[PDB]
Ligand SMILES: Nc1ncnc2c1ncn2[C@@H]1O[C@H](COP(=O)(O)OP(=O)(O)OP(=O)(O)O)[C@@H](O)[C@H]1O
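Presented below, as structure tokens, is a lone chain in the form deposited without the ligand.
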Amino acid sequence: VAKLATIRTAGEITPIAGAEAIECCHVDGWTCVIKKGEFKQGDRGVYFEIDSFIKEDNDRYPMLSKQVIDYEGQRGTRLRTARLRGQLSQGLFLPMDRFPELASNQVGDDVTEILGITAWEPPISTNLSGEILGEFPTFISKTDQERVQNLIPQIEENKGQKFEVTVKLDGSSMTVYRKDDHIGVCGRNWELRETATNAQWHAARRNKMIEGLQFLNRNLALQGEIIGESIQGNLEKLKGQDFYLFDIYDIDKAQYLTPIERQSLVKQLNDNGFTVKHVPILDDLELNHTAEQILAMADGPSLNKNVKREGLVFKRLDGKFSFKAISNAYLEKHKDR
């Protein structure tokens, strides 16, 4: 799920020193550069998040005219992170009156569909497309995570709660599951057939995680990241490819295992000879931070400790509230992200 364009409120407006034709508009946890006086604190507008893809339109989107590209056969512009003169800028914020069809909408409305906004994605890897057996199981949740920048009242409304903190690895999402008399291996969106060349199935056979699911004899989905060579530029500099667990979905109960439930099941697989790796786990965090402070934490060492990580994922210990914080330094170094 993704709310790419929503009606949001201008927060603090701060001057960009040195170039007085523009200023910095805070929008929830984002900072977005605007033409001076275009907005004012409390004004409403449509905010388009980074990774939005906006189709070419020089009457409504003239500020994007020079960034138009061909993506999936369609001409338009990918919104990405920018650093204008030491000023971080992410997203596009346009005043409500450029949108007459939105005059009956309320603050917080998702206007992605009505405005025709779609999501930009990096290209999928070599052997991670594979051969499609069927849909992603409707009885398993996908692994998307909301960004801290969109969770200001929730971060405030989680002060004092404890979180599992893990490193986000930059690969492809992978799900391996048992449902009664079916074991399946999926990518981010499709379930795949086993072939000699499919990467996710190899990773599943390599670490015996299918045998682990048969030992546990439970309807579970093991969810994690497949990383390594020819996957997303192989930031970790691994040789070969491997699965790293970060979540276990309880299919019958339709809920994720808590961090300590997951850690116990991983230990049980471990001493039974099932060698399923887990994403790096850092120290638990007792939350008492702003989104800006969380974002500051996101930069740091990855699984390979000599490289800079994509970011962090935060999972409340009861398993009921999770979010991610992507390193803005990572976004600046990797323009294809």
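All residue numbers refer to positions in the sequence shown, first residue = 1.
Just so it is clear, the following notes concern the form deposited with the ligand bound, a form of the same protein that is not shown.
- Residues within 4.5 angstroms of the ligand in the deposited bound form, judged by any non-hydrogen atom, belong to 136-144 and to none of the other stretches in 136-144, 235-243, 102-110, 200-208.
- Between the options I117, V167, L151, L79, the residue in contact with the ligand in the deposited bound form by a heavy atom within 4.5 angstroms is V167.
- Scanning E121, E261, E156, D252 against the ligand in the deposited bound form with a 4.5 Å heavy atom cut-off leaves one residue, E121.
- Proximity of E310 to the ligand in the deposited bound form falls within the 4.5 Å heavy atom cutoff.
- In the deposited bound form, at least one heavy atom of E225 sits within 4.5 Å of the ligand.
- Although the partner is absent from this view, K162 stays clear of the ligand in the deposited bound form, with no non-hydrogen atom inside 4.5 angstroms.
- In the deposited bound form, the ligand lies within 4.5 Å of some heavy atom of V279.
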